[PDB]
Each structure stands twice: as C-alpha cells, then as structure tokens.
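Note: ideal-geometry Cβ built from the backbone for every residue, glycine included; neighbour counts use all protein chains shown. Just so it is clear, none of the values below were taken in a lab; they were calculated from the coordinates.
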Amino acid sequence: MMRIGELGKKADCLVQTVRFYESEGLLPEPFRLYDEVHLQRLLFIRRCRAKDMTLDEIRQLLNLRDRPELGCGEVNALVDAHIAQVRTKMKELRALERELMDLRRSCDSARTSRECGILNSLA
Amino acid sequence: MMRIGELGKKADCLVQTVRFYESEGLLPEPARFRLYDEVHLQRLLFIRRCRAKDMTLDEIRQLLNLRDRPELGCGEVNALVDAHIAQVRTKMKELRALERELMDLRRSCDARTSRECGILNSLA
Ligand SMILES: [Pb+2]
Ligand SMILES: [Pb+2]
C-alpha cells in the first residue's frame, strides 16, 4: 500500500496529476491509500496520452478495459477515427505552410513598416 | 460613427468577439456611450486575416505594434512569419510520426472481446 506521493514517484508523475485524474473519474477508489491497481491504471493513462488521446477517449477505453466481456470493436473504431483526424490535420497544416510561405514572399529584407508587404497584404 | 453591434455586422463577427479583442488590448480606444469608426473596422479585418493564418493573440499584438509604428524597419515581421513556418514544419513531422504510431496500434487487433483486445493489451 502507498500514499499518493509514493504512487506518483512509481508512475513518474506529479501528485497534482494523480489528483487531476481522480477529479476526472479516471482512477478507481483508493487518509487515502493506493496499490498496484492504481499504478497500472496510471501507466495505462500515460501510454494513451502519449498517443494523443483525449480524456474522453481514455475514459471510454478504461470503461471497456474494466468490462472484459464486452466486444472490442469500438476500440478499433476509436483508433480509426483518431487516425482520420490526424490525416485531415496534416492536410490543413501543409496548406497553412504554403499560405505562410506566400505571405513571407510578399516582403524583402530592407523596408519600413509603412511599406511592409506582409502588413500591407493583411490590411 | 457606429455602435458595437453595427461594427460587428460590418466586420462579420460577434459583439462578444469584438469585446474579447478589446479586453486583450487589440483595439484602439473608441472614437467617442462608446462609438466606433472605420479605423476599428479595418483593425478587426486585420485581426481576422491574421487569425486565419494561425496567428496567436501574442503574434497579432506584435504585428499591430509594428503596424502602429510605420517609421520602423519591418525585419521583425519577416522573422515572426519565418518562426511560425518553422513551428508548423516541426508539428507536421510530429503528426506524421503520430499517424504511423496509431496505424501500428490499429494493426494489433483484427471479432474479439475486450479481454483479448490487442489494442487494450498493448496499452497495458
Ligand atoms: Pb479491438
Ligand atoms: Pb516586412
């Protein structure tokens, strides 16, 4: 059994982070003592957040993990939807890059603010 | 001269958005019971174009300060856009790596239960 400080140390995260996850309903119930189940939960959360998952996605995955008898098809759908999201964002960012490159080309090294091609194209 | 509602109509933005920009120091003082004029409209349009090019409120604040000083060199405007381009390029690299990571995750499950789920099991 561990206090929150020792749990945080073992999970390589701050006490305030553990308390954030508690306030968001991501940790099972536990002065308050914690054990191996809580540590493994924190590690699971950590790996999900490192794969860009939101708290809502993690809450859904945890609910499925807690119910081993349920079908896991929705897990595949969650990851597929995330992949689709990232692909759309990449397209948007490339278009933004090209837009900004065009903006940059509108001005040179030796001008005043009054003559600035960037400021003038934004006006 | 215009009230805020008319200014918002002309700039194609909400009154609350105008007030947000005011609270953030992005708009000059009202022309005159607050009244606005053409200068405020052109400012809102400038802000709109900047935000559509992914600029943050801090970058916009910087650009506005340089716009308000026409006698200065505009070299720092070029540097601001160059730094933004560099930022976007790094983000694109990170996102592509994330995409490839998520594709690998998805490949780990391929009519199973949660107990046997390859995705859930790889995250445990
Ligand atoms: Pb699955
Ligand atoms: Pb310039």
For A:110-117, mean number of other protein chain Cβ atoms within 10 Å: 6
For the protein assembly as shown, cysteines whose Cβ has no other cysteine Cβ within reach (under 4.7 Å): A:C13, A:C48, A:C107, B:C13, B:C50, B:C109
Cut-off 20 Å (backbone N to label point 7 Å along Cα→Cβ of A:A84), residues of region B:87-117: B:96, B:98-111
Relative exposure of A:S121, B:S114, B:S23, judged by other C-beta atoms within 10 Å (fewest first): B:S23, A:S121, B:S114
Dimensionless Rg/Rh of chain B - Kirkwood Rh, Rg from C-alpha atoms: 1.26
Residue exposure sequence - A:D52, B:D104 - by fewest surrounding Cβ within 10 Å: B:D104, A:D52
Ascending count of other beta-carbon atoms within 10 Å, so fewest first, for B:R61, B:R106: B:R61, B:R106
Per-residue [θ]222 nm for chain B (sum of -39500 (n - 2.57) over DSSP H runs n ≥ 4, rounded to 500): -21000 deg cm²/dmol
For residues of A:65-76, the mean tally of beta carbons on other chains within 10 Å: 6
